[PDB]
Every structure is written in structure tokens, then in C-alpha cells.
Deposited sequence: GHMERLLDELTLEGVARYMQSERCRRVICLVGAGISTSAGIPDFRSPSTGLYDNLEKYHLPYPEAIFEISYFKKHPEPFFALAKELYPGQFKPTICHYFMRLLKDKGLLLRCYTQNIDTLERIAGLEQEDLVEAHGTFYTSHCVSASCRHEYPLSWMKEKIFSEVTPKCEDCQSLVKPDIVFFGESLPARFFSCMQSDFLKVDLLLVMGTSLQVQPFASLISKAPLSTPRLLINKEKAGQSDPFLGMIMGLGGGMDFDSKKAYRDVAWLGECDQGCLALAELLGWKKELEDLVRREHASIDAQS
């Protein structure tokens, strides 16, 4: 398969491709693994125990706490759990700032994220750069269709910590964080952007996602057949399930998929180093972290 775009199936090969004229547009697909080093737990991991200690709320079924209709009937369990799990700090990771550098260098077509933690926005990705496939806590909206007053995270955090159920100042309906609940569709933006972006992509950077939740995981099968796909993740992921266009890292037919196994921050640091960006990345992270630490 000598017509392949990567000269070798390694991080070095990906970096050479990125700095070549053939690689102009990068799509990042990111999940919980890019935020665990910021102290944000993987909410979909059973080890997080998201559905443990819910007996106190007397739910009809455990998932009711994340179901839109139940939430509109009984929002208190959700907000109590949100207080319990609310992060102590919102400091984006090296990986988030690596994506900001991609944006700065003119390479970022889009970041599709499964995360709700807002760290992409704090790191400087703008609305146009992002597809928050599972929604976000970055904004909240009044639930009444005729009103839809928007509230920022600071307002919602004050309500969560004072243990006052958030109500709209205009109409007194419940205000809900913009995360996708059970019984809700993924945002239209997810499908709209997918249909356009994957015609234009030169590289998929898949970071911190095990590609286990649909339809987000299917994004990898939307890339053109020639598009290299780099996985930076603690574990290999995205390969075909031996039971049930997956990643092929290791067969003799492999031609475009590369796995770098380790912490996402370390993989992004290694890639930045190959690209000559390590000092830029360090300076950016150190300045942004200093700024966050110095909020007065």
C-alpha cells in the first residue's frame, strides 16, 4: 500500500505528514480521557459510580436522574448530584491547549467533543470550532420553548451551590444545563457539521476517547479512506469488535491508523515536540494556568 499518505505508521510519520503540504485540515475527536488529568471524572465510566448512591432520591429507575421529562417533574436529584460532582477547578489540560495551538496554526477544522466540562472553551476554542456532541454546562436555558432565556455557568453554579433549584428570571420555569439528557436528540449541529467536515478532512486526531458511545464513535468511519487517523489514548480503541470501517493499527493491511498509547497530555507533548511546538505549547499552558490560578 505504497500510495498511503503516511510514510510510516508512527507518531513521527504523523508529524511529517502534518507539516507537509498535504495536511491542511485536522478534525479532533475527543472524550473523557482528555479531561481526567484536569480532575474531571469520566462520567460514563462505571467506576465513577454515577448511578451509585441514588437510592436517597427514590427514582423509578436509575437513569431518571438524567431524563428530560423526569427532570421537569423532579429536578432536585439532578441538581443535588451536580453539586456533589461539581469540579473544584476548571483548568484545561495540555491536550486542550494543543488544540488551541492547532487553531492558532490554522490547522483546526473542527473539534468534536463528548465532554460537557467546558474545558475546550476555557482553552480558547470558539463556538465555530466546536461540536459539543453531548452538550455542555457552558450555557443553560430556561426549559420553556417560548422563552429559552440563556444563563451562563456562573449563574448556574451559584444556584447549584446555594441548593436553590434554578428558575428563569423571566418566566419562572426550570433552567437546565445544555447537556443532552435521555429522551433528547443529539444537537442538530452534530449531524450538520459531520456532513460537511468529513468531506474536507486531512487528518483525524482521536484523543481520550474509547469510541464506545454512538453515534459519536461512528465519526471515524466518516473519514475518507485515505485520511490518516492518530489515536492518542491510554488504551487501543476503535478497532472492529470481534463479536458484533474500524481502526486497523496492526494487521499487514494497515496503512493509515496509528496508536500512541499513554496519557493524552504526554502524547500531545510528544507530538508537539516532533512538530517544533513544544516551547510554544509550554508557554501557552503555563500562562493560561497562571491566569486561572490568579483569578481574584
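Problem set entry | Chain regions without C-alpha coordinates, deposited sequence numbering | According to the deposited record, C-alpha coordinates are absent for 1, 246-252, which together make up the missing parts.
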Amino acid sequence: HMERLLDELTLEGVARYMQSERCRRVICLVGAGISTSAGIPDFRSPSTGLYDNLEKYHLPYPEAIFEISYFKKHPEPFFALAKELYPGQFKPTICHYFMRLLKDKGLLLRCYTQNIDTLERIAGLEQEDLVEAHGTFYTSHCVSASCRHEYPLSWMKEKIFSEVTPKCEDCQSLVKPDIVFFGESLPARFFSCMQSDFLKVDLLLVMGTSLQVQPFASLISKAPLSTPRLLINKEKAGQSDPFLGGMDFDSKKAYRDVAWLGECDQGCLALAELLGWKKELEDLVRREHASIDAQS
From here on, numbers count along this sequence of modelled residues.
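Here the rigid core means the biggest group of C-alpha atoms that line up within 1.5 Å when the two forms are laid on top of each other.
For this session: Taking the root mean square of C-alpha distances over all structures and residues in 9 other deposited structures of this protein, with a rigid core superposition, name the larger of 81-89 and 95-103.
Result: Of the two stretches, the larger average C-alpha offset in 9 other deposited structures of this protein falls on 81-89.
For this session: On a core superposition, give the stretch, 164-172 or 215-223, with the larger average C-alpha separation from this form in 9 other deposited structures of this protein (RMS over structures and residues).
Result: Clearly, after the core fit, the stretch farther away in 9 other deposited structures of this protein is 164-172.
Exercise. Does a third or more of the other compared entries skip modelling residue 259?
Worked result: No.
Exercise. When the other PDB entries of this protein are compared, is residue 269 left blank in at least a third of them?
Worked result: No, none of the compared structures omit it.
Problem set entry | Residue range whose averaged C-alpha B-factor is higher in the record, 250-258 or 223-231 | Stretch with the greater average CA B-factor: 250-258.
Exercise. Looking at the entry, does 31-39 or 64-72 show the higher mean C-alpha B-factor?
Worked result: In the deposited entry, the stretch with the higher C-alpha B-factor mean is 64-72.
Exercise. Whose CA atom has the top B-factor in the entry, of 185, 93, 136, 173?
Worked result: Out of 185, 93, 136, 173, the record gives the largest C-alpha B-factor to 185.
Exercise. Relative to the other modelled residues in the chain, which third contains the C-alpha temperature factor of residue 177: lowest, middle or highest?
Worked result: Residue 177: CA B-factor falls in the middle third of its chain.
For this session: Consider only the C-alpha atoms of the modelled residues in this chain, order them by B-factor as the entry records it, and name the third containing residue 2: lowest, middle or highest.
Result: Highest third of the chain for residue 2's C-alpha B-factor.
For this session: Name the third of the chain's ranked CA B-factors that contains residue 128, choosing lowest, middle or highest.
Result: It belongs to the middle third of the chain when residues are ordered by C-alpha B-factor.
Exercise. Residue 159's Cα B-factor: lowest, middle or highest third of the chain?
Worked result: Top third by C-alpha B-factor.
Exercise. For residue 142, does the deposited CA B-factor place it in the lowest, middle or highest third of the chain?
Worked result: Tercile = middle for this residue's CA B-factor.
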